[PDB]
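Report on the following structure.
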Amino acid sequence: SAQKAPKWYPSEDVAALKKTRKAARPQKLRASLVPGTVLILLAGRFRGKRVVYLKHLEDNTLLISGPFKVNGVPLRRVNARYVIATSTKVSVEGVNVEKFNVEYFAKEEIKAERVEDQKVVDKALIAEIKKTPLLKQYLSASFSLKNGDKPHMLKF
Amino acid sequence: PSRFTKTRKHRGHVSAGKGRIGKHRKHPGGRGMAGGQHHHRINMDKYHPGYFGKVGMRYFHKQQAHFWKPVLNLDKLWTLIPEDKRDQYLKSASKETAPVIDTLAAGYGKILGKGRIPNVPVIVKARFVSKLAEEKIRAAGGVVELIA
Amino acid sequence: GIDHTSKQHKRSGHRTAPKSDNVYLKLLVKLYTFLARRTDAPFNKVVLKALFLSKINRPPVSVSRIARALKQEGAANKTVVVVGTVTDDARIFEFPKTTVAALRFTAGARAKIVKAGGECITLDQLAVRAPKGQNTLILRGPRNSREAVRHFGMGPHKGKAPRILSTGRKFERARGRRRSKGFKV
Amino acid sequence: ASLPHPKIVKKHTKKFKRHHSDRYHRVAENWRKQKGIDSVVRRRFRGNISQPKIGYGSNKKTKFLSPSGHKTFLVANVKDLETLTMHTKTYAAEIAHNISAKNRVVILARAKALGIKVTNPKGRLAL
RNA sequence: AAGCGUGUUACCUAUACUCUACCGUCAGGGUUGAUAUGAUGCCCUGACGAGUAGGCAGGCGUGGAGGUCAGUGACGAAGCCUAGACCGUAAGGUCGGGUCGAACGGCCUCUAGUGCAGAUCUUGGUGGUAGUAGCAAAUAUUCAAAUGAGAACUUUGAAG
RNA sequence: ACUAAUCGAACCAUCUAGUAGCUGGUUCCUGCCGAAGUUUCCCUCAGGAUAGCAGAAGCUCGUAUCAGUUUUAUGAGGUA
RNA sequence: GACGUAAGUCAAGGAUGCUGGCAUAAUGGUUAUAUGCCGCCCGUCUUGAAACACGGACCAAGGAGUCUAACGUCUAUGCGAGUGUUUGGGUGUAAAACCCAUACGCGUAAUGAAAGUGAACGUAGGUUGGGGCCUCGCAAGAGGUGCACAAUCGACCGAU
RNA sequence: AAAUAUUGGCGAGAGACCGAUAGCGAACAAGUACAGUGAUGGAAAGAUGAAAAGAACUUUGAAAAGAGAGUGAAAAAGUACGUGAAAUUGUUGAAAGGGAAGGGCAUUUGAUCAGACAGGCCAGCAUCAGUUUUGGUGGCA
Ligand SMILES: [Mg+2]
Ligand SMILES: [Mg+2]
Ligand SMILES: [Mg+2]
Ligand SMILES: [Mg+2]
Ligand SMILES: [Mg+2]
Ligand SMILES: [Mg+2]
Ligand SMILES: [Mg+2]
Ligand SMILES: [Mg+2]
Ligand SMILES: [Mg+2]
Ligand SMILES: [Mg+2]
Ligand SMILES: [Mg+2]
Ligand SMILES: [Mg+2]
Ligand SMILES: [Mg+2]
Ligand SMILES: [Mg+2]
Ligand SMILES: [Mg+2]
Ligand SMILES: [Mg+2]
Ligand SMILES: [Mg+2]
Ligand SMILES: [Mg+2]
Ligand SMILES: [Mg+2]
Ligand SMILES: [Mg+2]
Ligand SMILES: [Mg+2]
Ligand SMILES: [Mg+2]
Ligand SMILES: [Mg+2]
Ligand SMILES: [Mg+2]
Ligand SMILES: [Mg+2]
Ligand SMILES: [Mg+2]
Ligand SMILES: [Mg+2]
Ligand SMILES: [Mg+2]
Ligand SMILES: [Mg+2]
Ligand SMILES: [Mg+2]
Ligand SMILES: [Mg+2]
Ligand SMILES: [Mg+2]
Ligand SMILES: [Mg+2]
Ligand SMILES: [Mg+2]
Ligand SMILES: [Mg+2]
Ligand SMILES: [Mg+2]
Ligand SMILES: [Mg+2]
Ligand SMILES: [Mg+2]
Ligand SMILES: [Mg+2]
Ligand SMILES: [Mg+2]
Ligand SMILES: [Mg+2]
Ligand SMILES: [Mg+2]
């Protein structure tokens with residue numbers, strides 16, 4: 001014997017978990033997040049791009065189609081804590097966002113479904129963006145901070 | 001044994017438990033009973049009173065076998081009868097058949113009176129007795145027969 | 001920082017176990033630890049503590065000391081309990097018929113108790129027949145009749161025994177112990 | 001797979017080297033408490049080495065555990081190895097240093113059959 | 001005033017205070033008709049943690065001894081080296097690699113000539129200084145030849 | 001002064017590991033506790049004994065007896 | 001505990017749910033270096049040491065509370081008014097183990113210088129407490145008995 | 001006479017003794033070498049390999065020797081011989097360096113390294129629990 005023995009060994013039995021009191025409850029957003037509000041994306045592939053807030057998905061992610069024909073941003077999700085909510089809104093009571101959910105954006109060349117979904121949703125967006133002037137150029141231009149822009153004093 | 005001693009624990013510690021100030025030396029107060037009347041007097045008077053001085057008569061050529069006289073007490077007197085046959089005498093506590101206890105062969109020179117023997121008469125053969133030891137033997141109906 | 005009123009980390013100063021490595025005494029401690037915890041009988045807690053005691057802390061109990069405790073009124077039928085050794089005493093000539101429970105009996109003590117009509121049992125037979133120690137009688141032997149105690153507290157005017165090897169005249173019966181030689185203690 | 005265990009906290013991954021074990025070669029790095037009357041290390045002055053003390057003791061739920069989560073048991077032959085047949089998750093085997101190369105093949109094959117983790121399954125392998 | 005006096009707030013930061021975790025110590029407890037078979041165990045609860053001289057406790061290591069592991073080993077024991085790895089708060093333990101060649105460990109106990117940084121310690125070995133200080137008294141050497149691997153220094157001749 | 005580099009008593013061996021209240025040193029870890037330099041005596045003043053401080057072992061009991069505190073009542077004191 | 005009529009739910013005696021990347025030197029460890037801040041040389045005597053106090057140029061090996069006679073406290077063990085086989089004898093697988101008679105030591109008696117004498121008036125005393133036990137009480141408590149121990153007054157033994 | 005003594009002599013048997021700075025001063029040509037007029041003082045020093053098989057032969061060099069070759073399980077065993085530590089040193093490689101160096105906490109950089117797919121590594125978000133910090137605002141005295 002190179003080492004003697006443990007006279008008794010610790011049990012191989014695995015303990016079950018104590019029943020935990022953490023119910024899952026729905027997330028309340030900050031009040032500045034209302035559907036149709038224009039948002040800036042602060043990170044991602046589309047850093048700084050200005051998008052329209054369309055739907056609030058069940059997995060606590062915002063649904064945005066800042067129109068693809070306007071600035072190249074497709075139908076995709078973003079985290080709520082990673083966007084800037086702007087004071088200016090655009091009416092979204094003509095867009096059908098019901099079929100878009102977590103399963104529409106589940107993982108497992110673009111789909112023929114996804115190219116046609118984008119055109120349907122932004123047709124009611126692009127047409128109603130034209131109601132008030134300069135938005136189409138506003139959303140087509142990315143946001144940035146200049147030599148003196150202080151976000152703690154800036155308004156959005 | 002060595003491995004259980006404080007010397008093994010004191011390894012690594014400089015003074016080995018003897019102190020840095022006192023600095024263990026050879027004989028800081030003297031040797032043996034030095035200074036029993038001068039600088040160890042308090043210890044000798046507190047713990048060994050009577051040590052210094054003279055007491056009574058000398059005794060040239062003392063032989064302790066002159067003064068050999070072991071004492072047996074009455075409450076231990078019946079132990080000199082053997083264990084088995086002792087009970088026979090305790091019943092029928094009467095004269096004309098009384099146990100002869102010869103305390104000299106049992107190794108005793110004087111019989112003392114620490115007392116309360118049973119009421120059985122008994123014949124005690126002793127070199128010496130005390131007045132009270134004899135009295136309780138005769139109060140039980142026995143006799144002290146002096147021997148030499 | 002805490003203004004400590006008492007010494008911190010102080011041990012209780014009482015034995016929680018016997019220092020003995022007797023495997024059989026450890027079973028008696030194991031049984032009375034269970035008994036003193038699952039019963040509210042004060043006897044089981046007293047016996048458990050006495051089973052930790054050192055050899056001088058359980059002096060021998062004579063059968064004569066046992067028999068004198070049976071002259072108390074109503075104590076005759078009680079079971080004498082001695083957490084220690086019961087010795088024999090030849091100075092006592094009559095012994096009653098009683099049940100005695102002890103850690104140890106000498107051969108003379110066991111002979112005398114049985115010959116009287118009595119019974120000698122161990123502390124686990126006592127536990128079975130008296131689980132709460134009902135009708136028991138705990139006896140302890142004299143602690144301070146030890147010869148070592150004679151020398152405890154030696155000093156002037158205290159009348160204690162000096163620590164001495166050879167006794168007799170010429171051994172500490174002089175100056176310090178009589179007025180004719182200096183002073184008396 | 002070891003039994004599930006918490007995160008492993010060491011509280012001091014750095015060896016407690018002896019004071020001046022890098023100043024004099026004659027002073028080995030084996031830890032020795034300073035007994036000096038003036039020692040800044042003993043007196044715990046700021047800027048000096050820390051001293052081993054009971055506050056650094058490992059969590060009892062996690063002490064003696066290797067980073068994989070097993071306790072190491074030193075084995076010398078096949079018979080020492082089936083001591084861990086029922087304890088494969090809580091213990092792993094380590095072949096002793098003096099075991100021959102031809103006997104290491106036997107223990108490694110037997111451990112792989114019983115599903116026993118070996119902490120050194122590469123000793124004396126001519127590869 | 002970044003000075004002096006005085007007042008107001010805001011702010012900075014101790015191993016101190018609060019809360020939590022982990023370690024240890026102490027104290028109080030729970031736990032046997034399966035204690036889900038280790039009761040010097042497992043677990044609950046609370047508090048506490050500075051330290052010379054010194055005391056006690058629990059451990060780590062070394063030489064040898066009784067027992068045991070039908071323990072390891074010429075398919076490589078012991079030793080040594082190793083900014084390679086792992087465990088322990090630590091004393092230390094274990095593994096890989098290289099070198100090596102014949103014995104040596106784990107555990108339970110026994111025993112001691114049992115653990116080093118000091119003692120102007122003992123014995124041995126080695127440095128920096130350092131290619132340094134120096135190899136300067138006794139007037140003095142020189143040329144050629146020979147020998148020789150090699151001549152300021154040997155031999156011979158000549159001269160001084 | 002000199003008496004073999006030795007002289008106000010040579011050198012060699014042994015008694016002899018002479019004694020030293022004096023100087024130096026006194027070898028692993030961690031844990032818990034934790035001082036004194038003051039009392040009396042001593043050919044004592046660089047030292048001891050003694051009491052005190054400290055540790056350990058505990059023992060008898062189980063909230064007592066208490067208390068580096070105050071109040072109330074009652075004394076005492078001869079300093080500012 | 002809260003809500004809900006209930007069912008059940010909950011933020012109520014300690015983190016769950018969802019998603020992404022990587023699956024290796026990315027995190028981490030070790031080590032070298034750099035940077036911020038900090039860090040005087042250890043040991044010793046000392047009121048006080050980094051000291052312009054002492055020892056230490058370096059390294060290896062050796063290197064200092066041991067053993068014995070007698071003894072105090074405490075602890076463990078065996079037996080117990082006894083106890084101690086080992087001076088010896090017997091026996092032996094032979095310095096071991098096993099077995100044993102008489103003595104002897106200590107204890108079971110003290111005191112006095114000694115000659116000597118030598119320990120129950122009593123339930124081996126009385127009083128105050130005293131753990132435990134007994135009786136009665138649901139319990140609190142009350143009464144009885146009260147070992148050890150503590151205080152005190154007595155009795156007995158020796159000296160005077 | 002015997003029972004008793006025996007650190008000398010002779011012959012034996014042993015050891016929880018020491019293991020080459022130990023154990024006798026002396027494991028060895030040890031009371032030797034050496035020192036002192038003398039009395040006296042008095043060391044250091046064991047180990048190639050199983051066997052010498054102790055390196056034939058070639059080559060460079062005046063030679064010592066080197067480089068090969070060879071013996072050998074091994075020349076990382078070559079009589080400067082088992083292993084072969086440290087101090088100290090040479091070469092190579094890496095790194096840093098304005099009046100020392102060394103160290104403690106943390107991280108960057110370089111180099112190096114262990115483990116794991118039947119969840120390992122690093123994260124993001126939501127709703128809670130515990131401890132805090134910073135605001136907005138409401139109702140009362
Ligand atoms: Mg000293
Ligand atoms: Mg005087
Ligand atoms: Mg570590
Ligand atoms: Mg060291
Ligand atoms: Mg100091
Ligand atoms: Mg001011
Ligand atoms: Mg501490
Ligand atoms: Mg200390
Ligand atoms: Mg050993
Ligand atoms: Mg090896
Ligand atoms: Mg190194
Ligand atoms: Mg060999
Ligand atoms: Mg030694
Ligand atoms: Mg050294
Ligand atoms: Mg030292
Ligand atoms: Mg020196
Ligand atoms: Mg020169
Ligand atoms: Mg000249
Ligand atoms: Mg000496
Ligand atoms: Mg001397
Ligand atoms: Mg403290
Ligand atoms: Mg001094
Ligand atoms: Mg006045
Ligand atoms: Mg006055
Ligand atoms: Mg790094
Ligand atoms: Mg640095
Ligand atoms: Mg500084
Ligand atoms: Mg001074
Ligand atoms: Mg100093
Ligand atoms: Mg000095
Ligand atoms: Mg010096
Ligand atoms: Mg050494
Ligand atoms: Mg003869
Ligand atoms: Mg020698
Ligand atoms: Mg050699
Ligand atoms: Mg070899
Ligand atoms: Mg070699
Ligand atoms: Mg070799
Ligand atoms: Mg060699
Ligand atoms: Mg080196
Ligand atoms: Mg310069
Ligand atoms: Mg919260």
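Quick note on labels: first sequence line is chain A, next is B, and so on, each numbered from 1.
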Do [X] side-chain and [N] base share a donor-acceptor contact under 3.5 Å?
| X | N | result |
| --- | --- | --- |
| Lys33(D) | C29(F) | no |
| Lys63(D) | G88(E) | no |
| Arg68(C) | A124(G) | yes |
| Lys22(A) | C128(H) | yes |
| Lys76(B) | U108(G) | yes |
| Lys23(B) | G25(F) | no |
| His9(C) | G49(E) | no |
| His13(B) | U52(E) | no |
| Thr85(C) | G80(G) | yes |
| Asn98(D) | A78(E) | no |

Please classify the nucleic acid contact of [X] as base, sugar-phosphate, or nothing, using heavy-atom distances under 4.0 Å.
| X | answer |
| --- | --- |
| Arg163(C) | sugar-phosphate |
| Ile138(C) | base |
| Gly47(D) | base |
| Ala75(C) | nothing |
| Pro60(C) | base |
| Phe45(D) | nothing |
| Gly141(C) | sugar-phosphate |
| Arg20(B) | sugar-phosphate |
| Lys18(A) | sugar-phosphate |

Can you confirm whether the side chains of [X] and [Y] place a donor and an acceptor under 3.5 Å from each other?
| X | Y | result |
| --- | --- | --- |
| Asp59(A) | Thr61(A) | yes |
| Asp80(D) | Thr83(D) | no |
| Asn44(C) | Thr39(C) | yes |
| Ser68(D) | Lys117(D) | yes |

Checklist entry - Want to settle it: does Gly13(C) or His10(B) sit nearer the 5' end of RNA chain F, counting the closest nucleotide to each? => result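 Of the two residues, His10(B) wins.
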Looking only at the side chain of [X] (C-beta and beyond, no hydrogens), which of the listed nucleotides [options] gets closest?
| X | options | answer |
| --- | --- | --- |
| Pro67(D) | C87(E), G88(E), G54(E) | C87(E) |
| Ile56(C) | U75(G), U114(E), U27(F) | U75(G) |
| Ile37(D) | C28(F), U44(G), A113(G) | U44(G) |
| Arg32(D) | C28(F), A86(H), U60(F) | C28(F) |
| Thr20(A) | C149(G), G103(H), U16(G) | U16(G) |
| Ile99(D) | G92(E), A90(E), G73(E) | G73(E) |
| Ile21(B) | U75(G), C79(G), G37(F) | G37(F) |
| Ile49(D) | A74(E), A113(G), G104(H) | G104(H) |
| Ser20(C) | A12(G), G71(E), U77(G) | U77(G) |

For [N], tell me north or south, taking a positive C1'-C2'-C3'-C4' torsion as north and a negative one as south.
| N | result |
| --- | --- |
| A81(G) | south |
| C41(G) | south |
| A32(G) | north |

For [N], what is the paired nucleotide under Watson-Crick or G-U wobble rules, both distances under 3.5 Å?
| N | value |
| --- | --- |
| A150(G) | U128(G) |
| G101(E) | none |
| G8(G) | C3(G) |
| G124(E) | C59(G) |

Next on the checklist: Looking at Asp40(C) and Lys132(C), is any side-chain nitrogen of the basic one under 4.0 Å from a carboxylate oxygen of the acidic one?
Outcome noted: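 The answer is no: the pair does not qualify as a salt bridge.
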Would [N] and [M] qualify as a Watson-Crick or G-U pair, given that each of the two distances needs to be less than 3.5 Å?
| N | M | answer |
| --- | --- | --- |
| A67(H) | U58(H) | yes |
| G75(F) | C61(F) | no |
| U35(E) | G63(E) | no |
| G66(H) | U59(H) | yes |
| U88(H) | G119(H) | no |
| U102(G) | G92(G) | no |

Checklist entry - Of the residues in residues 10-24 of chain D, which ones touch RNA chain H at a heavy-atom distance under 4.0 Å? => result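 Going residue by residue through residues 10-24 of chain D, the ones with a heavy atom under 4.0 Å of RNA chain H turn out to be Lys14(D), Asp22(D), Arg23(D).
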Return yes when atom [atom1] of [X] has more than 12 non-hydrogen atoms of other residues, nucleotides or ligands closer than 6.0 Å, and no otherwise.
| X | atom1 | value |
| --- | --- | --- |
| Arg30(A) | CZ | yes |
| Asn43(B) | CG | yes |
| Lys53(D) | NZ | no |

Checklist entry - With a cut-off of 5.5 Å for ring centres and 30° for planes, do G37(F) and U38(F) stack? => result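 Judged on centre distance and plane angle, the pair does not count as stacked.
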Please give, in whole Å, the distance from [N] [atom2] to [X] [atom1]?
| X | N | atom1 | atom2 | answer |
| --- | --- | --- | --- | --- |
| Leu74(B) | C157(G) | CG | P | 15 Å |
| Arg46(D) | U13(E) | CZ | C1' | 13 Å |
| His39(B) | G47(F) | NE2 | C1' | 8 Å |

Checklist entry - Can you check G75(F) for me, syn or anti if syn means within 90° of 0? => result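 Judged by the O4'-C1' to base torsion, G75(F) sits in anti, the angle falling more than 90° away from 0.
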Item to check | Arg124(D) side chain near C75(E) phosphate (N/O to OP1/OP2, under 4.0 Å) | outcome: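 For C75(E), OP1/OP2 do not have a side-chain N/O of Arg124(D) under 4.0 Å.
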Checklist entry - Relative to the 5' end of RNA chain H, which residue comes earlier, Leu29(A) or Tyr82(A), by the nucleotide with the nearest heavy atom? => result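 Looking at RNA chain H, the more 5' nearest nucleotide goes with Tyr82(A).
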Checklist entry - Quick one: on RNA chain H, does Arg25(A) or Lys117(D) contact a more 5' nucleotide (nearest heavy atom)? => result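 Nearest-nucleotide comparison on RNA chain H picks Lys117(D).
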Checklist outcome for this item: Once base and sugar-phosphate atoms are separated, protein heavy atoms under 4.0 Å mark nucleotides 50-57 of chain F, 5' to 3', with B, S and - as SS---SSS
Checklist entry - Can you say whether the rings of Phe16(D) and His12(D) are parallel (under 30°), tilted (30 to 60°) or perpendicular (over 60°)? => result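 Because their plane-to-plane angle is under 30°, the rings of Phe16(D) and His12(D) count as parallel.
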Checklist entry - For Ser1(A), is the groove with a base atom under 5.0 Å from any side-chain heavy atom the major or the minor one? => result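 That would be the minor groove, as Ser1(A) has no side-chain atom near the other one.
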